[PDB]
Structure formats: C-alpha cells, structure tokens
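# Chain and residue survey
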Amino acid sequence: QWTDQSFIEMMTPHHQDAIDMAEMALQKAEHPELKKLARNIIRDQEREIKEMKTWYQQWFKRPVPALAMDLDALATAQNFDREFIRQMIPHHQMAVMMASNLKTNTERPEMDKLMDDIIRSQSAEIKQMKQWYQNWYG
Ligand SMILES: [Cu+]
Ligand SMILES: [Cu+]
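Scoring rules and cut-offs
Residues numbered from 1 in each chain as written, not as in the entry; some residues may be left out. Chains lettered and ligands numbered in written order. Heavy atoms only, no water. Residues with missing side-chain atoms left out of burial classes, pairs and counts. Helix = DSSP H or I, 4+ residues; strand = E, 2+ residues; numbered from the N terminus. Rg over C-alpha atoms; globule rule 2.2 N^0.38 Å. Donors = N, O, S within 2.8 Å, 3.2 Å for Na, K, Ca; no water. Buried < 20%, exposed > 50% of the residue type's maximum accessible area, 1.4 Å probe, protein only. Contact = heavy atoms within 4.5 Å. Axes fitted to C-alpha atoms, helices over the stretch in contact; angles between N-to-C directions. Parallel < 35°, antiparallel > 145°, perpendicular 65-115°, else oblique. Left-handed = near helix turned anticlockwise from the far one by under 90°. Nonpolar A, V, L, I, M, F, W, Y, C, P; charged D, E, K, R; others polar. Core = buried A, V, L, I, M, F, W, Y, C linked by side-chain atoms within 4.5 Å.

The record lists X-ray crystallography as the method behind this PDB entry and 2.5 Å as its resolution.

As a further point, take the overall build of the protein chain. A count of helices and strands for the protein chain gives five helices and zero strands. Put simply, the protein chain runs from its N terminus to its C terminus through helices and strands in the order α-α-α-α-α. Here the protein chain has a C-alpha radius of gyration of 15 Å; the compact-globule value for 138 residues is 14 Å, and the two agree. Its C-alpha atoms put the protein chain at 45 × 25 × 25 Å along the principal axes.

Moving on: the coordination of the copper ion (ligand 1). Protein-derived coordination of the copper ion (ligand 1) comes from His14 (ND1) and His15 (ND1), at a distance range of 1.8 Å. Between the copper ion (ligand 1) and the copper ion (ligand 2), a separation of 5.8 Å is found. The pair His14 / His15 is uniform in exposure class, with both members buried.

Looking now at the side chain of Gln87. Here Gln87 lies in helix α4 (residues 80-103). Relative accessible area serves as the criterion here: at 6%, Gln87 is assigned to the buried category. If near-sequence neighbours (up to four positions away) are discounted, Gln87 is found in contact with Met21, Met69, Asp70, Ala73 and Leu74.

Packed helix pairs are specified by the crossing angle of their axes together with the interaxial distance, meaning the distance between the axes. The geometry of helix α2 (residues 32-60) relative to helix α5 (residues 109-137) is characterised by a closest axis approach of 12 Å and an angle of 160° between their N-to-C directions. With respect to each other, α2 and α5 are oriented roughly antiparallel. The element α2 and its partner α5 pack so that their crossing is left-handed. Taking contact as the criterion, the partners of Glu33, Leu34, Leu37, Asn40, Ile41, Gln45, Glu48, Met52, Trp55 and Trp59 in α2 are, on α5, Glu110, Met111, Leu114, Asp117, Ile118, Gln122, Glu125, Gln128, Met129, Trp132 and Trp136. Residue composition of the contact of α2 with α5, grouped by class: 12 nonpolar, four polar and five charged.

Let us now look at the nonpolar core. Nonpolar side chains in soluble globular proteins tend to end up buried together. By size, the foremost hydrophobic cluster in this structure holds 39 residues, and its most contacted members are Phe7, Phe84, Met111 and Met129. Contributions of two or more residues to this core are made by α1 (4-28), α2, α4 and α5. Excluding residues within four positions of it along the chain, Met129 makes contact with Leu37, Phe84, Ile85, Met88, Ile89 and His92.

Now for the coordination of the copper ion (ligand 2). Around the copper ion (ligand 2), the donor atoms from the protein are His91 (ND1) and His92 (ND1), and they sit 1.8 Å away. For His91, a relative accessible area of 2% puts it in the buried group. Look at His92 and you get buried, because its relative accessible area is 0%.

Set out below in structure tokens:
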C-alpha cells in the first residue's frame, strides 16, 4: 500500500525519465505527432515534479531522497519512434496503476487531485500511442 511519501520518492524520478525521453524526442523523433506529445509530457510532468518536490519539503521537512527506462537502448535504437512508444506505454501504465492505488489511501487533497491528473492524461497518451503504433507498425 503506497503512502504519500514513498509515492513521491518513486514518482519523481519516474517523471524525470519521461521528461528525459521527451527531450531526446524533440531531436530524434520523426513523426510530428510524437514531438507534440513530447512537448506535453515535458510541460505537464515538470509541473507535477515541481509540486511533488514542494509538497515533500512541506510535509517531510527535507528534499526528496534519491536511491526503469533504458535511454541508451532508445538512443541507439534503429527506429526511435517505435522504441519510444514501446517504452513509454508501459511506463505510463505504471504511473496510472500506481495513481489509482494511492487514490484510495491518501488523505491529502493535493495528492487526490494529482492522482486524477496522472490517471487522466497518462491514460489518454496511452490511447494515442497505441493508435500511432498500429498506424506506423501494425
Ligand atoms: Cu512518472
Ligand atoms: Cu510514462
């Protein structure tokens, strides 16, 4: 059962990985649909990281401590877009399934709004990537 603290500790680098892949995609992606996604992942998940880091400080009197994606496998992948989606889909799935779990445990209104946002946007992005993968590679 996830608590507010351990969730943020895990979700922070998880979001950071997505941002890092999305930044790489601004350079290496071919399909414009993918770059529009990346620009959204960057904007929306940097904002959530910033909030998680803030809340963590406010609630736990210290910054988020530190110590799932393979960015070198993506960098040297023969087909960037295919490997982006192949990694970003299950990555988003962990986010969704976790956000749903914490949703029924947390008592903080900040986390409850955050869970809904994750569940909402990331599920939608999954639907887009599934569709793109079918059109480009199906
Ligand atoms: Cu994340
Ligand atoms: Cu993701």
